[PDB]
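Engineer: Input: one structure, supplied below.
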Protein chains: 2
Amino acid sequence: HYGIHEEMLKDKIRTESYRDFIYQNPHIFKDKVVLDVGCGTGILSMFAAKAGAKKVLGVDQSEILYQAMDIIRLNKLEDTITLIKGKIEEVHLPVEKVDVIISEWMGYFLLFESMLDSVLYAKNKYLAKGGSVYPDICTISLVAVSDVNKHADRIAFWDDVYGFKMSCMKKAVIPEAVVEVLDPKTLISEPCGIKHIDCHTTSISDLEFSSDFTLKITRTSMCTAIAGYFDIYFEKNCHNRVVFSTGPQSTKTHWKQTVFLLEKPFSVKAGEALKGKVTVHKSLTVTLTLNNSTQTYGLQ
Amino acid sequence: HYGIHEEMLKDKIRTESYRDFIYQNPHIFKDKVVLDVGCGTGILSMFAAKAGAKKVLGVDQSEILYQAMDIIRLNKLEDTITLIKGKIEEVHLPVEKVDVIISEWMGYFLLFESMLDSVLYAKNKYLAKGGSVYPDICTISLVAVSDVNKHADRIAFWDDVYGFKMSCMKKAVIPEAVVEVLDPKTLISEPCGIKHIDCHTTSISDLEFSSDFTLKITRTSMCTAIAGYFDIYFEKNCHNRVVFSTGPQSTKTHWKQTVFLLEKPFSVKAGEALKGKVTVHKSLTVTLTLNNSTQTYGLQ
Ligand SMILES: O=C(NCC(=O)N1CCCC1)Nc1ccc2cnccc2c1
Ligand SMILES: O=C(NCC(=O)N1CCCC1)Nc1ccc2cnccc2c1
């Protein structure tokens with residue numbers, strides 16, 4: 001419960017990327033009014049204060065906000081940071097506009113249970129003309145996976161369970177997207193971007209999208225799953241730009257990777273251009289067409 | 001969602017203990033009427049049929065029951081096993097009494113989110129005079145732990161978080177019992193039984209209990225936590241008795257161990273008899289007194 005804010009703090013890629021962005025681009029914060037959407041323990045608000053913010057407003061609907069209040073006092077920042085409990089859609093801020101919005105809002109596969117809707121609400125209601133929102137740029141990518149042993153573990157497993165048939169269970173496990181760190185040696189294609197978001201110009205409408213994709217296969221193997229992940233960019237007006245990836249070739253983060261199991265694994269050859277289609281609909285669902293099968297997946 | 005029934009099936013200590021109990025004591029099942037409380041995928045009901053049950057009634061409130069129905073048909077057991085959807089407290093069984101109750105009902109630390117209340121309800125309402133309930137005997141034990149590095153990781157961690165004070169968070173993390181597999185080398189006492197349950201004679205009233213305990217310290221060290229676990233016995237009328245432990249000296253199970261962190265670690269010496277008191281109250285709470293401090297813990 002508090003453990004989960006602790007896990008996010010201990011995700012060094014996450015927390016240090018935000019730290020570095022803020023501390024190495026103080027001109028973005030100096031004498032500015034900052035809104036921290038979903039502030040949690042208030043760590044991002046404290047970075048922003050340290051980087052010279054004139055005022056920081058930290059908003060969170062959760063009980064964690066009472067901890068944040070005590071945390072702000074312990075660090076003698078109450079003259080700079082004001083915490084407000086509630087949803088961004090409901091609270092009264094003590095200003096009309098802010099100069100900068102910062103938020104750690106990202107869900108699994110970027111969009112599952114994300115706080116992006118709220119951040120966009122904040123942008124449209126509270127962001128000053130010429131203001132900025134960070135991180136400003138996000139992408140989502142897909143990558144092909146070959147792991148016949150894991151497929152066997154999840155699927156063929158059900159043909160004989162302590163001597164009994166359980167085949168019908170395959171159809172219940174296939175639709176459940178898995179959140180897990182992948183062994184990077186199991187990747188069998190180059191990644192393919194399926195979505196680019198700039199938070200300055202994106203609407204809630206753009207978060208439901210469709211994309212044709214082509215996976216450039218790099219190993220002759222059996223394709224058993226498709227994995228997804230996202231990359232986060234701090235770019236606008238930065239002298240020191242910051243990027244982090246949640247992909248399997250990079251240091252693991254608490255977002256891990258998202259895995260969509262294929263009911264029917266199929267063979268691919270190195271150098272092949274494997275084409276498919278992906279659509280995300282509003283909890284989200286992900287519909288995948290590949291090798292002439294189509295499956296919709298959810299994250300329960 | 002279905003993944004979780006899968007995890008329980010893949011817990012070999014769990015599932016094979018029940019398998020072995022049932023298959024190696026067929027006289028308990030032969031021509032009997034069996035009730036499987038919280039049957040899940042129906043695996044225990046199928047064991048019981050294979051061991052010669054005349055009729056098996058499998059009850060579960062969850063959606064999993066529809067899978068169990070198809071699973072029973074795939075194995076051509078519908079002439080022996082009848083599945084019924086609902087709570088045991090609400091359903092209509094097509095008999096008045098059963099000869100044998102079987103259930104996998106156990107929660108973390110035995111009692112957190114357990115199905116025991118339901119199993120006891122079933123015993124009192126449906127069990128024939130002279131019938132039996134399995135597993136019939138359960139115990140709970142405590143053991144002392146020394147892990148100064150992990151304590152530092154959970155507690156001292158909060159004194160400086162990316163340069164900021166967060167000490168107040170210590171009081172939010174201390175009350176959260178942790179479910180996790182312990183390195184057995186960190187155990188610094190012999191275990192102490194704090195509770196013995198026989199399911200034939202236990203009432204719901206006995207599940208809230210108090211126990212004085214004495215931990216026989218085996219290593220001069222800093223005590224940083226108290227761990228708990230449980231053992232499960234199949235005994236009554238068995239020619240082949242079966243026991244499994246969920247303790248840290250045994251093969252890990254999905255119940256792992258439950259850890260109660262001490263806010264203030266204290267020194268102990270090998271050979272010392274460390275005395276305390278533990279009380280479980282109705283989601284459960286666990287109140288622990290040790291070294292003249294008292295803390296109540298929950299599993300959120
Ligand atoms: O706390 C433990 N694991 C849970 C954990 O690291 N998190 C981080 C995020 C929230 C939950 N695990 C032990 C395990 C044993 C311990 C023994 N002595 C003191 C402390 C101990 C802690
Ligand atoms: O399914 C995966 N992990 C989750 C899991 O084992 N459980 C068990 C209980 C319910 C959830 N993990 C992969 C990971 C990669 C995979 C690649 N190809 C096929 C299948 C793959 C499966």
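Each chain in the structure tokens gets a letter, A, B and so on, in the order shown; residues start at 1 in every chain, and ligands are counted from 1 in the order they appear.
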Neighbouring residues of residue 251 in chain B were defined as those with any atom within 10 Å, considering only C-alpha atoms; residues of the same chain fewer than 3 positions away were excluded. Please report them as a list in words.
Structural biologist: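 The residues satisfying every condition are residues 12, 13, 181, 244, 245, 246, 247, 248 and 256 of chain B.
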Engineer: Check every protein, DNA and RNA residue against ligand 2, keep those with an atom at most 7 Å away (counting only C-alpha atoms and all ligand atoms), and present them as a tab-separated table (two decimals) with N, CA and C atoms, in the first residue's frame.
Structural biologist:
chain	number	residue	atom	x	y	z
A	145	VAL	N	8.96	-12.36	-30.10
A	145	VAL	CA	9.57	-13.21	-29.10
A	145	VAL	C	9.50	-14.65	-29.53
A	146	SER	N	10.56	-15.40	-29.24
A	146	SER	CA	10.56	-16.86	-29.38
A	146	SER	C	10.94	-17.47	-28.04
A	147	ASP	N	10.01	-18.21	-27.46
A	147	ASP	CA	10.28	-18.93	-26.22
A	147	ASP	C	9.38	-20.16	-26.17
A	148	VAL	N	9.80	-21.23	-26.87
A	148	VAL	CA	8.98	-22.45	-26.93
A	148	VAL	C	8.80	-23.12	-25.57
A	150	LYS	N	8.68	-21.55	-22.50
A	150	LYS	CA	7.64	-20.81	-21.81
A	150	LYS	C	6.26	-21.01	-22.41
A	151	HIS	N	6.17	-21.15	-23.72
A	151	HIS	CA	4.88	-21.39	-24.33
A	151	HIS	C	4.32	-22.72	-23.84
A	154	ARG	N	2.95	-22.42	-20.38
A	154	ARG	CA	1.65	-21.75	-20.25
A	154	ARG	C	0.48	-22.42	-20.95
A	178	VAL	N	0.59	-10.60	-20.00
A	178	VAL	CA	1.48	-10.86	-18.87
A	178	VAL	C	2.46	-9.68	-18.71
A	180	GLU	N	6.02	-8.78	-17.21
A	180	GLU	CA	7.16	-9.56	-16.81
A	180	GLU	C	8.37	-9.13	-17.57
A	182	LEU	N	11.50	-9.80	-19.72
A	182	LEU	CA	11.90	-10.83	-20.68
A	182	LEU	C	13.39	-11.01	-20.76
A	224	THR	N	6.50	-17.13	-30.58
A	224	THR	CA	5.54	-17.63	-29.60
A	224	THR	C	4.75	-16.54	-28.88
A	225	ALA	N	5.22	-15.28	-28.97
A	225	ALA	CA	4.58	-14.13	-28.34
A	225	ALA	C	5.03	-12.84	-29.02
A	259	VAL	N	3.53	-8.81	-22.30
A	259	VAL	CA	3.65	-9.96	-23.20
A	259	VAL	C	2.27	-10.42	-23.63
A	261	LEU	N	0.71	-13.45	-25.49
A	261	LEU	CA	0.97	-14.83	-25.92
A	261	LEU	C	0.22	-15.17	-27.20
A	262	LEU	N	0.88	-15.92	-28.09
A	262	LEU	CA	0.23	-16.38	-29.31
A	262	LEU	C	-0.33	-17.75	-29.04
B	3	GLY	N	-4.70	-17.40	-14.34
B	3	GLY	CA	-3.30	-17.51	-13.92
B	3	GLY	C	-3.07	-17.96	-12.47
B	4	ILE	N	-3.90	-17.48	-11.56
B	4	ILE	CA	-3.79	-17.82	-10.14
B	4	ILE	C	-4.16	-19.28	-9.76
B	6	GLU	N	-3.74	-21.56	-12.00
B	6	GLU	CA	-2.55	-22.13	-12.60
B	6	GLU	C	-1.35	-22.15	-11.65
B	7	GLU	N	-1.14	-21.05	-10.91
B	7	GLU	CA	-0.02	-20.97	-9.96
B	7	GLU	C	-0.20	-21.99	-8.85
Engineer: Tell me, which residues of range 19-216 of chain B carry DSSP helix (DSSP H, G or I), written as a tab-separated table (two decimals) with N, CA, C and O atoms, in the first residue's frame?
Structural biologist:
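What landed in states-v3.tsv:
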chain	number	residue	atom	x	y	z
B	19	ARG	N	-2.81	-34.91	-3.70
B	19	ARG	CA	-2.76	-36.07	-4.58
B	19	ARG	C	-2.38	-37.33	-3.78
B	19	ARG	O	-3.10	-38.33	-3.79
B	20	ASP	N	-1.23	-37.27	-3.12
B	20	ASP	CA	-0.67	-38.41	-2.37
B	20	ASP	C	-1.60	-38.84	-1.25
B	20	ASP	O	-1.87	-40.02	-1.08
B	21	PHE	N	-2.10	-37.87	-0.49
B	21	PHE	CA	-3.07	-38.18	0.56
B	21	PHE	C	-4.24	-38.99	-0.01
B	21	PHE	O	-4.60	-40.06	0.52
B	22	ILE	N	-4.82	-38.51	-1.10
B	22	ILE	CA	-6.03	-39.11	-1.61
B	22	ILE	C	-5.74	-40.48	-2.27
B	22	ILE	O	-6.47	-41.46	-2.01
B	23	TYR	N	-4.71	-40.54	-3.10
B	23	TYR	CA	-4.39	-41.74	-3.86
B	23	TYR	C	-3.84	-42.85	-2.95
B	23	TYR	O	-4.09	-44.00	-3.20
B	24	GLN	N	-3.09	-42.49	-1.91
B	24	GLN	CA	-2.50	-43.46	-1.01
B	24	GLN	C	-3.37	-43.84	0.18
B	24	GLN	O	-2.97	-44.67	0.98
B	26	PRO	N	-7.03	-44.63	-0.44
B	26	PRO	CA	-8.30	-44.78	-1.16
B	26	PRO	C	-9.46	-45.30	-0.31
B	26	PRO	O	-10.65	-45.07	-0.66
B	27	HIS	N	-9.16	-46.00	0.77
B	27	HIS	CA	-10.21	-46.49	1.69
B	27	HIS	C	-11.00	-45.32	2.27
B	27	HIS	O	-12.16	-45.46	2.64
B	28	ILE	N	-10.38	-44.15	2.36
B	28	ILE	CA	-11.11	-42.97	2.83
B	28	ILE	C	-12.19	-42.51	1.82
B	28	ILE	O	-13.25	-41.97	2.20
B	43	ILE	N	-9.67	-30.10	-9.53
B	43	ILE	CA	-8.60	-31.10	-9.50
B	43	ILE	C	-8.74	-32.06	-8.31
B	43	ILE	O	-8.57	-33.26	-8.46
B	44	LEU	N	-9.08	-31.55	-7.14
B	44	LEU	CA	-9.22	-32.40	-5.96
B	44	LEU	C	-10.42	-33.35	-6.09
B	44	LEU	O	-10.38	-34.50	-5.64
B	45	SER	N	-11.49	-32.85	-6.71
B	45	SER	CA	-12.65	-33.67	-6.98
B	45	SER	C	-12.32	-34.81	-7.93
B	45	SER	O	-12.82	-35.92	-7.77
B	46	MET	N	-11.50	-34.55	-8.93
B	46	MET	CA	-11.08	-35.58	-9.85
B	46	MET	C	-10.17	-36.61	-9.15
B	46	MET	O	-10.30	-37.81	-9.40
B	47	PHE	N	-9.26	-36.16	-8.28
B	47	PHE	CA	-8.48	-37.13	-7.48
B	47	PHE	C	-9.41	-38.07	-6.69
B	47	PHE	O	-9.23	-39.32	-6.66
B	48	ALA	N	-10.38	-37.47	-6.02
B	48	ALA	CA	-11.31	-38.21	-5.20
B	48	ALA	C	-12.12	-39.23	-6.03
B	48	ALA	O	-12.32	-40.34	-5.59
B	49	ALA	N	-12.59	-38.83	-7.21
B	49	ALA	CA	-13.25	-39.76	-8.13
B	49	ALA	C	-12.34	-40.91	-8.52
B	49	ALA	O	-12.73	-42.08	-8.47
B	50	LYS	N	-11.10	-40.60	-8.86
B	50	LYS	CA	-10.14	-41.61	-9.26
B	50	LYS	C	-9.87	-42.57	-8.11
B	50	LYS	O	-9.64	-43.76	-8.32
B	64	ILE	N	-14.43	-19.64	-12.25
B	64	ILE	CA	-13.62	-20.83	-12.51
B	64	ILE	C	-14.50	-22.08	-12.59
B	64	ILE	O	-14.16	-23.02	-13.30
B	65	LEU	N	-15.64	-22.08	-11.90
B	65	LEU	CA	-16.51	-23.27	-11.88
B	65	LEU	C	-16.97	-23.71	-13.27
B	65	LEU	O	-17.13	-24.90	-13.54
B	66	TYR	N	-17.15	-22.75	-14.18
B	66	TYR	CA	-17.54	-23.07	-15.55
B	66	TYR	C	-16.42	-23.77	-16.26
B	66	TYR	O	-16.66	-24.67	-17.03
B	67	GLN	N	-15.18	-23.38	-16.01
B	67	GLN	CA	-14.05	-24.17	-16.51
B	67	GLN	C	-14.07	-25.61	-15.94
B	67	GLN	O	-13.93	-26.58	-16.68
B	68	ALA	N	-14.26	-25.72	-14.64
B	68	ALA	CA	-14.30	-27.02	-13.95
B	68	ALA	C	-15.33	-27.93	-14.58
B	68	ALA	O	-15.08	-29.11	-14.75
B	69	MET	N	-16.48	-27.37	-14.95
B	69	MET	CA	-17.53	-28.14	-15.63
B	69	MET	C	-17.06	-28.74	-16.92
B	69	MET	O	-17.33	-29.91	-17.19
B	70	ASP	N	-16.37	-27.94	-17.74
B	70	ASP	CA	-15.82	-28.44	-18.98
B	70	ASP	C	-14.68	-29.43	-18.71
B	70	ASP	O	-14.54	-30.43	-19.42
B	71	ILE	N	-13.87	-29.14	-17.68
B	71	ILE	CA	-12.79	-30.04	-17.33
B	71	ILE	C	-13.32	-31.42	-16.91
B	71	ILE	O	-12.80	-32.43	-17.34
B	72	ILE	N	-14.36	-31.45	-16.08
B	72	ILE	CA	-14.99	-32.70	-15.67
B	72	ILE	C	-15.49	-33.50	-16.89
B	72	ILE	O	-15.24	-34.70	-16.98
B	73	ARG	N	-16.13	-32.83	-17.85
B	73	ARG	CA	-16.60	-33.49	-19.08
B	73	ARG	C	-15.47	-34.02	-19.92
B	73	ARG	O	-15.56	-35.14	-20.43
B	74	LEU	N	-14.40	-33.24	-20.08
B	74	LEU	CA	-13.24	-33.70	-20.85
B	74	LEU	C	-12.68	-34.99	-20.31
B	74	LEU	O	-12.12	-35.80	-21.07
B	116	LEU	N	-11.52	-20.97	5.58
B	116	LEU	CA	-11.78	-21.88	6.71
B	116	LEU	C	-13.18	-21.74	7.28
B	116	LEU	O	-13.80	-22.75	7.59
B	117	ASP	N	-13.65	-20.51	7.42
B	117	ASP	CA	-15.02	-20.29	7.86
B	117	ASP	C	-16.00	-21.10	7.06
B	117	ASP	O	-16.87	-21.72	7.64
B	118	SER	N	-15.84	-21.11	5.73
B	118	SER	CA	-16.73	-21.90	4.87
B	118	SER	C	-16.62	-23.41	5.08
B	118	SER	O	-17.64	-24.12	5.05
B	119	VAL	N	-15.39	-23.89	5.23
B	119	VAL	CA	-15.15	-25.31	5.48
B	119	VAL	C	-15.80	-25.74	6.80
B	119	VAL	O	-16.39	-26.81	6.87
B	120	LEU	N	-15.67	-24.90	7.84
B	120	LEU	CA	-16.31	-25.18	9.12
B	120	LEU	C	-17.84	-25.15	9.01
B	120	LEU	O	-18.54	-25.98	9.60
B	121	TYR	N	-18.36	-24.20	8.24
B	121	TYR	CA	-19.80	-24.16	7.98
B	121	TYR	C	-20.24	-25.50	7.36
B	121	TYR	O	-21.19	-26.12	7.81
B	122	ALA	N	-19.51	-25.94	6.34
B	122	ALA	CA	-19.79	-27.19	5.67
B	122	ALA	C	-19.75	-28.37	6.61
B	122	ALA	O	-20.63	-29.23	6.55
B	123	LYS	N	-18.72	-28.44	7.46
B	123	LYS	CA	-18.59	-29.50	8.45
B	123	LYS	C	-19.88	-29.58	9.28
B	123	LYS	O	-20.56	-30.60	9.29
B	124	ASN	N	-20.23	-28.47	9.92
B	124	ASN	CA	-21.39	-28.44	10.83
B	124	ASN	C	-22.72	-28.69	10.17
B	124	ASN	O	-23.54	-29.38	10.74
B	125	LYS	N	-22.92	-28.17	8.97
B	125	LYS	CA	-24.17	-28.42	8.26
B	125	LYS	C	-24.24	-29.80	7.57
B	125	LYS	O	-25.26	-30.49	7.65
B	126	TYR	N	-23.18	-30.20	6.87
B	126	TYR	CA	-23.27	-31.31	5.90
B	126	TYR	C	-22.53	-32.60	6.25
B	126	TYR	O	-22.84	-33.66	5.70
B	148	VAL	N	19.87	-7.54	9.03
B	148	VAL	CA	20.11	-6.09	9.17
B	148	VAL	C	20.12	-5.36	7.83
B	148	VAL	O	19.68	-4.21	7.76
B	149	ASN	N	20.59	-6.01	6.76
B	149	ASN	CA	20.57	-5.39	5.42
B	149	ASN	C	19.15	-5.15	4.92
B	149	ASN	O	18.82	-4.05	4.48
B	150	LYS	N	18.29	-6.17	5.02
B	150	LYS	CA	16.90	-5.97	4.65
B	150	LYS	C	16.19	-4.96	5.53
B	150	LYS	O	15.34	-4.20	5.04
B	151	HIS	N	16.52	-4.91	6.81
B	151	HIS	CA	15.89	-3.92	7.67
B	151	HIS	C	16.27	-2.52	7.20
B	151	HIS	O	15.43	-1.62	7.17
B	152	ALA	N	17.56	-2.34	6.91
B	152	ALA	CA	18.07	-1.09	6.37
B	152	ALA	C	17.32	-0.74	5.09
B	152	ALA	O	16.90	0.43	4.93
B	153	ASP	N	17.11	-1.75	4.23
B	153	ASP	CA	16.43	-1.55	2.95
B	153	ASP	C	14.99	-1.08	3.11
B	153	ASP	O	14.49	-0.34	2.29
B	154	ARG	N	14.31	-1.52	4.18
B	154	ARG	CA	12.91	-1.15	4.41
B	154	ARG	C	12.69	0.06	5.29
B	154	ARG	O	11.63	0.71	5.21
B	156	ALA	N	15.75	2.23	7.41
B	156	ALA	CA	16.74	3.31	7.33
B	156	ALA	C	16.74	3.97	5.94
B	156	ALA	O	17.10	5.15	5.80
B	157	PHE	N	16.33	3.19	4.93
B	157	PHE	CA	16.10	3.69	3.58
B	157	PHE	C	15.42	5.06	3.55
B	157	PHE	O	15.76	5.88	2.72
B	158	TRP	N	14.46	5.29	4.45
B	158	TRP	CA	13.62	6.47	4.41
B	158	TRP	C	14.24	7.74	5.03
B	158	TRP	O	13.65	8.81	4.98
B	159	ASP	N	15.39	7.63	5.68
B	159	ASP	CA	16.03	8.81	6.24
B	159	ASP	C	16.56	9.76	5.18
B	159	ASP	O	16.51	10.96	5.38
B	167	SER	N	11.52	10.18	6.82
B	167	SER	CA	11.43	9.32	8.02
B	167	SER	C	10.03	8.91	8.42
B	167	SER	O	9.81	7.81	8.95
B	168	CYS	N	9.08	9.81	8.24
B	168	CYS	CA	7.71	9.54	8.64
B	168	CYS	C	7.12	8.30	7.92
B	168	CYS	O	6.15	7.69	8.40
B	169	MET	N	7.71	7.90	6.80
B	169	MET	CA	7.21	6.74	6.08
B	169	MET	C	7.48	5.42	6.82
B	169	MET	O	6.80	4.42	6.55
B	170	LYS	N	8.45	5.41	7.74
B	170	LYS	CA	8.77	4.18	8.48
B	170	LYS	C	7.52	3.64	9.18
B	170	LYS	O	7.25	2.45	9.17
B	171	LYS	N	6.73	4.55	9.75
B	171	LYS	CA	5.54	4.15	10.48
B	171	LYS	C	4.41	3.63	9.58
B	171	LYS	O	3.49	2.95	10.04
B	172	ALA	N	4.49	3.91	8.28
B	172	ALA	CA	3.50	3.37	7.36
B	172	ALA	C	3.91	2.01	6.85
B	172	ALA	O	3.06	1.20	6.57
B	173	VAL	N	5.21	1.74	6.71
B	173	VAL	CA	5.62	0.44	6.22
B	173	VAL	C	5.68	-0.63	7.33
B	173	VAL	O	5.47	-1.81	7.06
B	184	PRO	N	16.77	-19.16	4.51
B	184	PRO	CA	16.77	-19.90	5.78
B	184	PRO	C	17.98	-19.64	6.67
B	184	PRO	O	17.92	-19.85	7.87
B	185	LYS	N	19.08	-19.18	6.09
B	185	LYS	CA	20.26	-18.79	6.88
B	185	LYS	C	19.98	-17.57	7.77
B	185	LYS	O	20.76	-17.32	8.69
B	186	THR	N	18.90	-16.82	7.50
B	186	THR	CA	18.59	-15.64	8.33
B	186	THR	C	17.77	-16.00	9.58
B	186	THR	O	17.50	-15.13	10.45
B	204	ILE	N	-15.40	-21.39	14.56
B	204	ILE	CA	-14.91	-20.11	14.00
B	204	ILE	C	-14.35	-19.24	15.10
B	204	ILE	O	-13.40	-18.51	14.89
B	205	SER	N	-14.96	-19.35	16.27
B	205	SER	CA	-14.51	-18.75	17.51
B	205	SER	C	-13.02	-19.02	17.87
B	205	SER	O	-12.30	-18.14	18.36
B	206	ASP	N	-12.53	-20.23	17.59
B	206	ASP	CA	-11.13	-20.57	17.90
B	206	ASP	C	-10.09	-19.92	16.99
B	206	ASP	O	-8.91	-19.96	17.27
B	207	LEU	N	-10.54	-19.33	15.89
B	207	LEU	CA	-9.62	-18.73	14.92
B	207	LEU	C	-9.10	-17.37	15.37
B	207	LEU	O	-8.17	-16.84	14.76
Engineer: Name the residues in contact with residue 143 in chain A at a cut-off of 6 Å, using only C-alpha atoms, excluding same-chain residues fewer than 4 positions from it; report them as a PDB file with N, CA, C and O atoms, in the first residue's frame.
Structural biologist:
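Saved to result-v7.pdb:
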ATOM      1  N   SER A 189      13.115 -10.135 -33.262  1.00  0.00           N
ATOM      2  CA  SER A 189      12.998  -9.103 -34.293  1.00  0.00           C
ATOM      3  C   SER A 189      13.559  -7.827 -33.745  1.00  0.00           C
ATOM      4  O   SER A 189      13.761  -7.706 -32.531  1.00  0.00           O
ATOM      5  N   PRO A 191      12.713  -3.988 -32.860  1.00  0.00           N
ATOM      6  CA  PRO A 191      11.473  -3.367 -32.422  1.00  0.00           C
ATOM      7  C   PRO A 191      10.828  -2.557 -33.525  1.00  0.00           C
ATOM      8  O   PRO A 191      11.510  -2.185 -34.478  1.00  0.00           O
ATOM      9  N   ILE A 226       4.272 -11.775 -28.760  1.00  0.00           N
ATOM     10  CA  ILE A 226       4.637 -10.407 -29.076  1.00  0.00           C
ATOM     11  C   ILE A 226       4.750  -9.615 -27.775  1.00  0.00           C
ATOM     12  O   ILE A 226       3.845  -9.647 -26.915  1.00  0.00           O
ATOM     13  N   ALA A 227       5.874  -8.919 -27.611  1.00  0.00           N
ATOM     14  CA  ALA A 227       6.068  -8.093 -26.425  1.00  0.00           C
ATOM     15  C   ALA A 227       5.909  -6.622 -26.758  1.00  0.00           C
ATOM     16  O   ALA A 227       6.174  -6.184 -27.884  1.00  0.00           O
TER      17      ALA A 227
END
Engineer: Using only C-alpha atoms, which of the listed residues (B:102, B:155, B:194, B:137) sits closest to chain A?
Structural biologist: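 Ranking B:102, B:155, B:194, B:137 by distance to chain A, first place goes to B:155.
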Engineer: Give the answer as one residue: which of A:37, A:174, A:140, A:57 has the shortest atom-to-atom distance to chain B, using only C-alpha atoms?
Structural biologist: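 Comparing A:37, A:174, A:140, A:57 against chain B, the winner is A:174.
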Engineer: Counting only C-alpha atoms, what is within 12 Å of residue 100 in chain B, bar same-chain residues fewer than 3 positions away, as a PyMOL selection string?
Structural biologist: chain B and resi 22+27-37+45+48+53-57+97+103+119+122-123+126-136+200+236-237
Engineer: Nearest to ligand 1 among B:254, B:10, B:275, B:264, with distances taken over only C-alpha atoms and all ligand atoms: which residue is it?
Structural biologist: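 Under the stated criterion, the closest residue is B:264.
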